[PDB]
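**Student:** This structure is in structure tokens; I'll ask about it shortly.
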Amino acid sequence: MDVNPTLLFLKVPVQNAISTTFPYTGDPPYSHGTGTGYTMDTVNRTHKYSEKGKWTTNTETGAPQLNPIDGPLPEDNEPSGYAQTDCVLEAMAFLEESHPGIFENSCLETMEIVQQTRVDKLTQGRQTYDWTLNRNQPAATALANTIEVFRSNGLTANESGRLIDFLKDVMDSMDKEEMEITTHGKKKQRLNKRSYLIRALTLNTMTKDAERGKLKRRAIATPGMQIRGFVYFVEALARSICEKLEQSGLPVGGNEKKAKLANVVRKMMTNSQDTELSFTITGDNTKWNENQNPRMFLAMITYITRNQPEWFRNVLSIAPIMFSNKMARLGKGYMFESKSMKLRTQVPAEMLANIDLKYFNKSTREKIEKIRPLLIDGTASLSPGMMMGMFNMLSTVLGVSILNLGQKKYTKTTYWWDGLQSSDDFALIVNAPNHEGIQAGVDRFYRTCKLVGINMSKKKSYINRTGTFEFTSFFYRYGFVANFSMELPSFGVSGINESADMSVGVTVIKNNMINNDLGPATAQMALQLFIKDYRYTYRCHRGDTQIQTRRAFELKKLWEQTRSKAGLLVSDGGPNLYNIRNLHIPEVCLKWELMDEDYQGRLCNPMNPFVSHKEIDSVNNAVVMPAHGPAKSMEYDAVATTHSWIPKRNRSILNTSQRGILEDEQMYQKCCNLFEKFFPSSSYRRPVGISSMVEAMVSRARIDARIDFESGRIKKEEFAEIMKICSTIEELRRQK
Amino acid sequence: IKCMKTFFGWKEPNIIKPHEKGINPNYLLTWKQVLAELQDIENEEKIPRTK
RNA sequence: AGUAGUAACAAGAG
RNA sequence: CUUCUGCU
């Protein structure tokens, strides 16, 4: 009696039981060590897939570059990046003809965006390559460091606060003969124009940790602050265009995406003729990023921006130009060991260009030999392909253009096609009078994609009768099937804080019941398991429990003191009152009617030291990364309570050379937090003004002191002291 | 400790299958050491929460 | 030894 | 030695 769960598929349709085929209850495969091997392999693969292109040497950076555009046509099903410019332009022109005015309207909106976008917008996101330190830094830190460096070098046009001025400053910096940077011993370093250019076009590379569904690991790339400015405008234009494209399912997300896909597919199936046979092709595109050449994006940007003002075309086209000259930083390096001598060592990637080949194994030796010609100042030239391209929307637009080309008015034949495309994934619907027609249509679509460089992965794609398919892990079986295994990692303690965890946990259960088909009984049990995990994680077991923990005494004392036990929060050992009835009610409000007045006052005391409030953009919001896709902002309903504390910060930077940066951060906080005491709306709305902070704070202090005196909130002596101090502050600023 | 005290059939441990790539005159001593530690914490000590 | 698997850990920086 | 750190 050998039990075999796979046999269950003999009765239940695979899609209806697709959750069973997801091992997401196990730990995801992390990456061990450096990402240098994966980066070098990615560069070598990118250049190999375009090896028949034209080799040139840049006159500015001096590094070799490969131009596969207009190269030989693919003579084999092997992945090829030789995209044809005329075919790309023709596809864009047909896209414009099918949707008249799409480019004009998108350009009009994108233009306005450009005019109204501020420099702060670059603070959004994370892990940007700070060229001043050759290391990944938070977007805000990298932006500030770049701004400070530019100001010290005479580039003082970014003070307007408009992103376009910062881009202009970046351009002027590119023309600067020598750059001055600060290091910390607060030394000063001088960078020549060539070296600046190389470190300005450099892309840092790391490994994609915790990725599921893949055996072999891969490498991802992060751009610098200079590139991010133009990339934002290019993505904004692509997003504006994609919003008008029916086949582009990228800009939308969540239920909106599923709704769009269901509507689009439905209409596509409907308009299909009753006498026409229909088939659906499901599959990714192999080596999508390695073959999307930036020159093609430049061509598309130039075509899209036709008739637009020259400044708009230049600002939009700067991004593809810089990406075409991009250099990928190899990374952490490699690690060597001696078994006889029993000692370890690390070789930085900058030493791979000059190190001996006897230390590497056959695979790494071959990879180093193949990348050595492209290695420039520790970075490898990466002109071909688009390493971890941020042009997801632009690539989606190109794919949609190829999809749109399959209308009966463009194919000029009995067969035709349409479908959906998001990034590198697609689902194509082909209608033809007969199987021969379907085959001819599939071949034409595949060949046209090859023409543009896009190349369907025959390895991981299949074609069946229309009605069932898979798109971006969404399984459509005459309607999208509610997969629940994908959301399993979202369960359990989120790990934000003692109060945000509870609200997030119940909110996750509620959302899964609404969206991912979570049954009420399963919801109950889930809730029970979550409360148990929450209690075992925060050591907030019930006061009447005999479990021994280092926090058991305080909880026991609180339980004995309280008269109404049911009113205690779960974080204070109180009983759990949640159920399907109230999964949408925050626990503070849920237990408010039962809380003891003394405990209620202590718990919600606004002067408590644990509660801290950052900008409103980070109030009652958390960042959650599901099984697939990037990080998403989840908004939870929670009352400000002593449990809404902040966890400790990493101190590993406290015993390194860059410890000074943390200190600087402290100083900045010490000033910003003081400004909040002068301008209370500093967090709710961004303050504006060209005056120095000290001048604004002293002026506000003088005004408030007068208003308080006139109203009588302060005495004559207090007012005299305030002004005396204000005059002293003005003198201190002048004395220096 | 109470569960260990429940069983009364304890004998002298003797290796039966040895880990090839490994120094085994170590696992036997480890088990004997664990037993002695249990006697030490069981016979006396304050029965600490962790040993 | 072991984890683990295209590279690490089996402490690290002072 | 002692100091400092477990995402930097």
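**Student:** Being part of a helix (DSSP H, G or I) and farther than 25 Å from residue A:456 by Cα is the filter here, so list the residues in region A:279-310 that pass it.
**Tutor:** Within region A:279-310, A:302, A:303, A:304, A:310 qualify.
**Student:** Which condition number does residue A:55 fail, the rest of (1) out of contact with any helix residue (DSSP H, G or I) (no Cβ under 8 Å at 6 or more places or on another chain); (2) more than 16 Å from RNA strand C (Cβ to nearest atom); (3) not in a strand (DSSP E or B) being met?
**Tutor:** With (1) out of contact with any helix residue (DSSP H, G or I) (no Cβ under 8 Å at 6 or more places or on another chain); (2) more than 16 Å from RNA strand C (Cβ to nearest atom); (3) not in a strand (DSSP E or B) applied to residue A:55, the lone miss is (3).
**Student:** Tell me which residues, restricted to region A:235-249, are buried (at least 23 other Cβ atoms within 10 Å of the Cβ) and under 16 Å from the mean Cα position of the chain (by Cα).
**Tutor:** Correct list: empty.
**Student:** Another question, then. Do we find a residue being in contact with a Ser or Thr (Cβ under 7 Å, 6 or more places away or on another chain), buried (at least 16 other Cβ atoms within 10 Å of the Cβ) and among the β-branched types (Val, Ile, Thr) anywhere in region A:176-187?
**Tutor:** Scanning region A:176-187 turns up at least one residue that is in contact with a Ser or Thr (Cβ under 7 Å, 6 or more places away or on another chain), buried (at least 16 other Cβ atoms within 10 Å of the Cβ) and among the β-branched types (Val, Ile, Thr).
**Student:** Further, regarding this structure: Among residues belonging to region A:625-665 that are among the charged types (D, E, K, R) and within 16 Å of RNA strand C (Cβ to nearest atom), point out the one that is farthest from residue A:497 (Cα to Cα).
**Tutor:** A:659
**Student:** Also, I was wondering about something else. Hey, any hits in region A:503-511 for a residue that's in a strand (DSSP E or B) and under 19 Å from residue A:252 (Cα atoms)?
**Tutor:** Residues of region A:503-511 in a strand (DSSP E or B): none.
No, that holds for no residue.
For every residue, the table says whether it meets (1) part of a helix (DSSP H, G or I); (2) surrounded by 16 or more Cβ atoms within 10 Å (Cβ to Cβ).
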position: A:75; (1), (2): no, no
position: A:82; (1), (2): no, yes
position: A:95; (1), (2): yes, yes
position: A:126; (1), (2): no, no
position: A:142; (1), (2): yes, yes
position: A:148; (1), (2): yes, no
position: A:156; (1), (2): no, no
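**Student:** Report, by residue number, each residue of region A:603-659 that is part of a helix (DSSP H, G or I) and within 12 Å of RNA strand D (Cβ to nearest atom).
**Tutor:** Listed by number, the residues that qualify are A:652, A:653, A:654, A:655, A:659.
The rows are residues; the columns are (1) away from chain B (no Cβ under 14 Å); (2) farther than 26 Å from residue B:48 by Cβ.
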residue	(1), (2)
A:541	yes, no
A:547	no, no
A:558	yes, yes
A:563	yes, yes
A:571	yes, yes
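Yes/no matrix, rows are residues, columns are (1) more than 14 Å from every other protein chain (Cβ to nearest Cβ); (2) in a helix (DSSP H, G or I); (3) surrounded by 11 or more Cβ atoms within 10 Å (Cβ to Cβ):
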| site | (1), (2), (3) |
| --- | --- |
| B:9 | yes, no, no |
| B:13 | yes, no, yes |
| B:16 | yes, no, no |
| B:23 | yes, no, no |
| B:39 | yes, yes, yes |
| B:49 | no, no, no |
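**Student:** Still on this structure: With the checklist (1) of a type in the set (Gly, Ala, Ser); (2) surrounded by 22 or more Cβ atoms within 10 Å (Cβ to Cβ); (3) within 28 Å of residue A:625 (Cβ to Cβ) in hand, flag the one item residue A:461 doesn't pass.
**Tutor:** For residue A:461, the failing item is (2).
**Student:** Across region A:528-554, what is the number of residues that are under 24 Å from residue A:644 (Cβ atoms) and either within 30 Å of the chain's Cα centre (by Cα) or assigned to a loop (DSSP other than H, G, I, E, B) (or both)?
**Tutor:** The number of residues fulfilling the criteria is 13.
**Student:** When you look at residue B:44, is it surrounded by 10 or more Cβ atoms within 10 Å (Cβ to Cβ) and more than 14 Å from chain A (Cβ to nearest Cβ), yes or no? Give the steps one after another, and end with the answer.
**Tutor:** Details: surrounded by 10 or more Cβ atoms within 10 Å (Cβ to Cβ): no; more than 14 Å from chain A (Cβ to nearest Cβ): yes.
When the stated conditions are applied, residue B:44 does not pass them.
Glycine also receives a Cβ, built like all others from the backbone with ideal geometry; neighbour counts cover every protein chain displayed. The numbers here are math on the coordinates, done by the rules we state, and not lab data.
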